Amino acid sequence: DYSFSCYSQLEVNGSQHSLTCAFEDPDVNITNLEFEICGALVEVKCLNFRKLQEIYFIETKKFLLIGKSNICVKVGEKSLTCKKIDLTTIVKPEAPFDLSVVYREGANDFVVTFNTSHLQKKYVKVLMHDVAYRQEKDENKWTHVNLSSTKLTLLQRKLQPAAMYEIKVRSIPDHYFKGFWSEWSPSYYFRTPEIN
């Protein structure tokens, strides 16, 4: 199968949105293949994707965001494979940023805060955040916390002492938009105090 996956980003640059598609098999011949989106568009039937390295990209204000569109892989005029998708159900948020952790001497905790551009957007303005932390030494002993706000607090007594911890955060759409997890924010590292 010449299967692929897609993701949309609404208001990624101003009031224009983006549609990105890429094949599930990385070792495929792209010299002859071109993508086409048809349906749920503004005053046009179809729009062509730009072949950029190993991905197919669109950027426009002409996405209607009502009903399903038809994304097809084309070899000239003939369509090899076709996929019917609603662009409001494949949304991938912009990743969070300005992640930071501050130890509060009296409180004996760590206030974790971050930011997201989606707070200043009209459409995809409601997200669910996923903050993941661990001891940098461990392998897959990551601790995940879901939240709707951009502030979280970790207790000193509920963490290991004199240990380097790593923390990162990502977001998924919520409230009448469905889709995928964003990319992770850059990680932030912090050492906890010793038992004194």
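Don't overthink the numbering: it's just position in the shown sequence, from 1.
Enquirer: Give the stretch, out of 68-76 and 114-122, with the larger mean C-alpha temperature factor in the deposited entry.
Expert: Comparing averages over the C-alpha atoms only gives 68-76.
Enquirer: Quick one: say whether 53-61 or 151-159 has the higher mean Cα B-factor in the deposited entry.
Expert: Higher mean C-alpha B-factor in the PDB entry: 53-61.
Enquirer: Quiz for you: based on the deposited Cα B-factor, which of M164, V131, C46, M128 is highest?
Expert: Largest recorded C-alpha B-factor: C46.
Enquirer: State the tercile, meaning the lowest, middle or highest third, of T81 with respect to the CA B-factors recorded for its chain.
Expert: Highest third.
Enquirer: Please rank the C-alpha B-factors of the chain's modelled residues and tell me whether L41 sits in the lowest, middle or highest third.
Expert: According to the entry, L41 has a C-alpha B-factor in the chain's middle third.
Enquirer: Going by the recorded CA B-factors, say which third of the chain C21 sits in, lowest, middle or highest.
Expert: Highest third - that is where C21 ends up once the chain's C-alpha B-factors are sorted.
Enquirer: If you rank every modelled residue in this chain by C-alpha B factor, which third holds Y7: lowest, middle or highest?
Expert: Its C-alpha B-factor, which the entry lists for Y7, ranks in the middle third among residues of this chain.
Enquirer: Is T143 in the lowest, middle or highest third of its chain when residues are ranked by C-alpha B-factor?
Expert: CA B-factor rank for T143: middle third.
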